[PDB]
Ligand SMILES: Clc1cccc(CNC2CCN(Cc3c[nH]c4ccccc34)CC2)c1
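To begin, one chain is listed below as structure tokens, in the form solved without the named molecule.
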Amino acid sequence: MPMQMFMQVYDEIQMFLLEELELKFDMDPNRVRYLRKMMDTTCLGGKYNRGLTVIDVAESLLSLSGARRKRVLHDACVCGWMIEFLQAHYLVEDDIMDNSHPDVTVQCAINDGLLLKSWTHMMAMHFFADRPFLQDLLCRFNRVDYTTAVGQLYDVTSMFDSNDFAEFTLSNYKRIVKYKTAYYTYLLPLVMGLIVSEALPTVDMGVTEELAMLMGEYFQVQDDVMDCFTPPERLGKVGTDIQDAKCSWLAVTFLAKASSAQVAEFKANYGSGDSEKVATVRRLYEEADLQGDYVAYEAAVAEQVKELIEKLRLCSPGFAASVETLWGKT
């Protein structure tokens, strides 16, 4: 029922957006169909974990506070699609960076990026035009989107000096994860589920914010290890962090426990496309027992997670229910 509902509201949002273009923005049918396909292609086909989390939070809060039900849930669905569309926007932006007379496909990818983000505003202004929370929703949403762009800057410049391994530390790794991933993937759906459920000021936000960061950290450490050690046809992509000299959990953990000569061997081989240099890096990570340390690190985070939901439940018990479901996904 959650997914079947989420997908129906998608059709509803899509038809409003495309009818709006045709009726209020003078769009020809050829371009409407082109945008219907681009929307389908960029917004559909993931797991919808961010979007469904809004619904899950919402349903858990109408069970522990008729017509308010179906409206809060519909609101929840539109909120989840705002996050999915924002996610679509970020993935188009990432594609432009690596994909490369006016190049009309790059022009259209830029244009797609702008439209996907504006669509989050358009669907909110329409479907929440009459809700008292529209303005708070907008600001919290805009602020989390800013946070993400700030975290993208931290990430993309982690190996340089904005006009290098000094920023390859664990606290900075956590800064990158917090801003680039945790705020919009974990905190934002939780917060939107509370906004549409009217229950915003009823929760310890500090513990909530703390839990979102920790879950994103757990998720990203596993992600970093799989990028390096899960082979492509099992990972789903070609893992590229070593070539791209990412500030990954493996890299910052290796630097803390490597010998001087090893660090020199790591520094000489990192950030290179050459297959033996990447293999040398994997060899070093292996010999440092990083996949051993991976298990322990996640365990400790899980304990902080498995224990931090309980504070949250002392004053907001239904919230804590969905936060555990979100955590079970991670």
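Throughout, rigid core stands for the largest set of C-alpha atoms superposing within 1.5 Å between the two forms. Numbers for residues come from their place in the sequence shown, where the first is 1. Shifts are known only where both forms have a C-alpha.
Only in words, not in the display: the form solved in complex with the named molecule, which the text now covers.
Indicate whether the named molecule has at least one heavy atom within 4.5 Å of a heavy atom of residue 124 in the bound PDB entry.
Residue 124: no contact with the named molecule in the bound PDB entry.
Indicate whether the named molecule has at least one heavy atom within 4.5 Å of a heavy atom of residue 197 in the bound PDB entry.
Looking in the bound PDB entry, residue contacts with the named molecule do not include residue 197, since no heavy atom lies within 4.5 Å.
State yes or no: in the bound PDB entry, is some non-hydrogen atom of residue 167 no more than 4.5 angstroms from a non-hydrogen atom of the named molecule?
Output for residue 167 is no: heavy atoms all beyond 4.5 Å of the named molecule.
Is residue 207 close enough to the named molecule in the bound PDB entry to count, meaning some heavy atom within 4.5 Å?
Flag for residue 207 set to no.
Just to be sure I understand the contacts: of 203, 214, 78, 247, which is the one whose heavy atoms reach within 4.5 angstroms of the named molecule in the bound PDB entry?
Only one listed residue qualifies here, and that residue is 247.
Quick one: find which of 256-264, 126-134, 176-184, 70-78 has residues within 4.5 Å of the named molecule in the bound PDB entry by heavy atom distance.
Flagged stretch: 176-184.
Of 222-254, which residues get within 4.5 Å of the named molecule in the bound PDB entry if you count heavy atoms?
If the 4.5 Å heavy-atom criterion is applied to the named molecule in the bound PDB entry, 222-254 yields 223, 224, 226, 227, 230, 237, 238, 239, 241, 246, 247, 248.
Core aligned, which of 144, 122, 109, 235 has the Cα that shifts 2 angstroms or more between this form and the one not shown?
It is 235.
Where does the protein shift between this form and the one not shown, taking runs of 3+ residues with every CA moved 2 Å or more once the core is matched?
Run shifting 2 Å or more: just 233-236.
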